[PDB]
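Structure first, then comments.
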Amino acid sequence: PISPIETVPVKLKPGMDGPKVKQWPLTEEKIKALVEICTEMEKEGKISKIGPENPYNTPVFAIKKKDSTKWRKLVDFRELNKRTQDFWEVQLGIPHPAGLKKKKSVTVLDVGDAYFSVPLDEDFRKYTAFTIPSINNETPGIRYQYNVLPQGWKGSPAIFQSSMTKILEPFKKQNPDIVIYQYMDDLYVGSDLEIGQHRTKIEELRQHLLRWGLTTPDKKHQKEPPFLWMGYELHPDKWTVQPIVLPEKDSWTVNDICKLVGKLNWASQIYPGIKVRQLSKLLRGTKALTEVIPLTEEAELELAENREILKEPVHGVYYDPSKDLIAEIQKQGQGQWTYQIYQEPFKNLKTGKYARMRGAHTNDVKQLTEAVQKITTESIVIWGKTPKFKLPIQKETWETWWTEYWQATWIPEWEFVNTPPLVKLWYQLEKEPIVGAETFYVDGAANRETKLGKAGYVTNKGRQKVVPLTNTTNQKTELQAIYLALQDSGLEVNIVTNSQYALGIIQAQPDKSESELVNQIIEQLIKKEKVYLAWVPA
Amino acid sequence: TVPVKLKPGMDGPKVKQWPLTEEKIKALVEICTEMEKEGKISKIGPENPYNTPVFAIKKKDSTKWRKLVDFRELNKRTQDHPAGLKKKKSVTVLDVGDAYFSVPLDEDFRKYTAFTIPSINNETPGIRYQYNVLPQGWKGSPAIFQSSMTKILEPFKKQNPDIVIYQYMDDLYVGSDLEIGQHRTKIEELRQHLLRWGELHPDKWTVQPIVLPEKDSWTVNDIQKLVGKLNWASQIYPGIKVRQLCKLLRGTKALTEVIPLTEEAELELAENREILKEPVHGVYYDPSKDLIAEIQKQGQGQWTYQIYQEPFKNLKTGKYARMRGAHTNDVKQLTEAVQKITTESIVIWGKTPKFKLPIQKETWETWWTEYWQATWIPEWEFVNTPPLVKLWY
DNA sequence: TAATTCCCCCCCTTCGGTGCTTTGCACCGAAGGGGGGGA
Ligand SMILES: Nc1ncnc2c1ncn2[C@H]1C[C@H](O)[C@@H](COP(=O)(O)OP(=O)(O)OP(=O)(O)O)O1
Ligand SMILES: [Mg+2]
Ligand SMILES: [Mg+2]
């Protein structure tokens, strides 16, 4: 039936009238199902027949309902959505099974015909009119309007979520020792009661829901483990993901690569060691989503490793608030990191990866800090607290990094774990000039019109070298001059430049960059033994 | 007093809510249930398209929680100084924010004061509330209680027309020239007077000068380090020539070579030291323009800051030394420095400054709420490039 | 063809803003596209 809950008042934007879009020609097999569904809904009173007093119209269509022989009826409300007032969404995330706790009794429930059990605002019903075209040809068409929440409207989900919360609140008030997770119309109920006393509480909840016009059919009422919930399989002592199937083909297109990357990203939440960078690099520069992409050798190796990782049964465990949260981080190379969150050794609560590249130039310390921050934020949403970190970096390295850095940075309570490869800085700049070494006053200028430039130097001993350049900007000749100084010198060298841009790049101690000149300079800096950089105004 | 109306052409706040920890969620739920029970806030639905963030802070030495709302976007869209508070021995700040929770808010305007409380692990969709009374944090809220405010502390004001009181947001700054044991007694009398009817030292503030290095022997590198400082300082102080110190920097020489100073260069150096020991002339406060505050990290728990309205025209320069989280926590020290600078700026001029924080965005948004202990929130932006050699200050 | 809405995540691409002086080069940050998952 229809809930006696109050309706949410809605309105149109000022100056907008309403849609008048005509209906596109529908197929016969869809038309018959639409007619049957509409007849049933009109019998139950969810839609109302409309006449020649309503000038609005909006096309309708239908799709298939998951693993069922039923149909889902939808309306293309794009114009009405354009002219409809703005809402504020109340759903802020998705519950995770790793955030659950161990309960002695569990039940999963689903509400049948969720949207069609919530009334729609009376003054807004005239804008929801639609027409069901005749089979082939016969009558002009039967015109209806909606009395309940339609599927396809921009305001329906928030209204339904608020109404469901309002309905559920009184029951949760009187039973504070029963855990209820609600997502849209899906309900997960957990308790520490005996099974016999758990069934009675479930029946009382079902009666309370029915009193408000919401039905819970026995088809989607789960009573025995394992339980299917939000794409996961829940067992009494462990949880896992529902089976993930990877496409197995010999010719790959851009769309197939996109879907495979998405599936691997989804699977990387419980399977440890998933890497997608080599597969993801193939998406750069391609345009059409049907173009055959020849797989490289660095991507085939990644695919072969990920395929072997997913051949083993992997499960998680539930949260225990009486213990500690431990997150351990490992480095995989090429700016990729993995992490595991657990409470007891060799029993993971969850796993994850981090491979974002932020900035033109960076080192290993900054990426580790970014990964720590991301893990901290994720652990606050799921568990509400920050874990203890196990980082592969020496305490002396972090101490000497954060004290000399010009920004402010911090890492929460952590301890060092000796698992190679470790995080370290590859070179350091002298704080004082080196006595008994060449000075290498360098310079470089360019012309902005011809886009031509030069970069040279001179030393105290008397050596000079000038190298003309081409197709370079003004702030590239300075880097070229610094590279020239680093090349034609010994192991210990002073350098005096005229540019703050190059000095600011170099002083951050990068080890990777998107520029080949900076990458050359990084290797030349690692090669040397003692380097000092000084700036002088022009 | 019927606040009415936003700024012409503006719409309203539409800011999302950041996640919180379990203790903060529990405290917020406990506070909001009691607040709703007394008619201060009311539950709303999704048809209200406005939102502002909220969180909670534990005040020092109180062992209780306070709820804070980020009413920063509402303030800029809303339509419609004692120059003796800086010269005062002891100044105290008192919380008078609890007074606003008796004056109701206009029916037309309360839709803009909407906020959402999240849940741990997203077990339930968020719960929304809107204010029925004047909220704590909005700029137009004290400007309504002000007419009623001009009459509460009058039986304490005309008695002793020496104490200077000034109100910003929810805070009352009260200052006198009494002893630390008698100023406290007068503040206690004011507390009693407030109860029945329903420690800063500004004189210890000084600027931070620019000091030129003093040495007996000067190398080529040392001279190069000095000319680079004088060239930058010539922007703030017009009249510095620095044309003889660069004459002995001609030619290619080893950085560790000792250059004897010419007497002409010595005279120039002494005169430029003399023109650096005086305050800058030609800088005034424009009440219409905004204030900008820059912070630089110096290491070993030392920070420097500059407050100015126009580039190279500094209104104040200062240095902050650490006291909590000693060389262990950096976000804590930066947060404390920001709070201190904001407090100093409210006592003078009157407008809170806009901060150029020397931090990354994500770490700040992650960790700044764990140490904040004020009731106002200044607007800020983050810098990314290295500022300079940073030895100017 | 084939058609809808809301939420979370990842990865790639464009354009606007800033600001250093270089007046347009270099760097960064949002919004949009594709894909995964949920109802
Ligand atoms: N593809 C979709 N488009 C629009 N709304 C959708 C879609 N899928 C789900 N919803 C919304 C509307 C549904 O009423 C609500 C709950 O989904 P679901 O339980 O699968 O369907 P239902 O409750 O209408 O039918 P059933 O009787 O099979 O449970 O979520
Ligand atoms: Mg379902
Ligand atoms: Mg359902």
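Residue numbers start from 1 in every chain, and the chains themselves are labelled A, B, ... in the order their sequence lines are given, proteins ahead of strands. No hydrogens, no waters, no symmetry mates; every other heavy atom, side chains included, goes into these values.
Contact annotation: the side chain of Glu79(A) never approaches that of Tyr56(A) to less than 4.5 Å [non-hydrogen atoms, C-beta and beyond]. Looking only at side-chain heavy atoms (C-beta outward), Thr477(A) and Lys454(A) stay at 4.5 Å or farther from each other.
A straight line from CG of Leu282(A) to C1' of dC12(C) spans 13 Å, rounded to a whole angstrom. Atom NZ in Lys281(A) sits roughly 19 Å away from atom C1' in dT13(C) (whole-Å rounding). Taking atom NZ on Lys82(A) and atom P on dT4(C), their separation rounds to 17 Å, with Å as the unit. Regarding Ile274(A), its CD1 atom lies at a distance of 15 Å from the P atom of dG37(C), rounded to whole Å. The interatomic distance linking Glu362(B) (CD) with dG29(C) (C1') rounds to 10 Å, in whole Å. As a whole-Å value, the separation of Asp76(A) CG from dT4(C) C1' is 6 Å. In this structure, CD1 of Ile244(A) is placed 8 Å from P of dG37(C), rounded to the nearest angstrom. Going from atom NZ of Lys259(A) over to atom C1' of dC9(C) covers 18 Å, rounded to whole Å.
When each of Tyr188(A), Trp239(A), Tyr232(A) is paired with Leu100(A), the side chain to side chain contact (heavy atoms under 4.5 Å, CB included) condition holds for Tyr188(A) and for no other. No option in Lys512(A), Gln278(A), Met357(A), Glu298(A) other than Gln278(A) meets the side chain to side chain contact (heavy atoms under 4.5 Å, CB included) test with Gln334(A).
The gap from the P atom of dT5(C) to that of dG33(C) amounts to 12 Å, rounded to the nearest Å. Between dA3(C) and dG32(C), the two P atoms lie 25 Å apart (nearest whole Å). When the P atom is compared between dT21(C) and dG17(C), the two are found 22 Å apart, to the nearest whole Å.
With ring centers used as reference points, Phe124(A) lies under 6.0 Å from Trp153(A).
Note on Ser280(A): a side-chain N or O is less than 4.0 Å away from OP1 or OP2 of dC12(C). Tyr501(A) has no side-chain polar atom (N or O) that falls below the 4.0 Å cut-off from OP1 or OP2 of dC25(C). For the pair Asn122(B) and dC8(C), the criterion of a side-chain N or O lying under 4.0 Å from OP1 or OP2 is not met. Proximity of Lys353(A) to the phosphate of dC9(C): no side-chain N or O atom is located under 4.0 Å from OP1 or OP2. For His96(A), no side-chain nitrogen or oxygen approaches OP1 or OP2 of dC8(C) to under 4.0 Å. OP1 or OP2 of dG37(C) sits under 4.0 Å from a side-chain N or O of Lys263(A). At least one side-chain nitrogen or oxygen of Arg78(A) sits closer than 4.0 Å to the OP1 or OP2 atom of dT4(C).
Glycosidic conformation at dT21(C) (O4'-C1'-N9-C4 for purines, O4'-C1'-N1-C2 for pyrimidines): syn, within 90° of 0.
Residues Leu289(A) and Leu283(A) each lie close to DNA chain C; by heavy-atom proximity, the contact nearer the 5' end of the strand is made by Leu283(A).
Stacking between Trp266(A) and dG37(C) is absent: the aromatic ring centre is not both under 5.5 angstrom from the base six-membered ring centre and within 30 degrees in plane angle.
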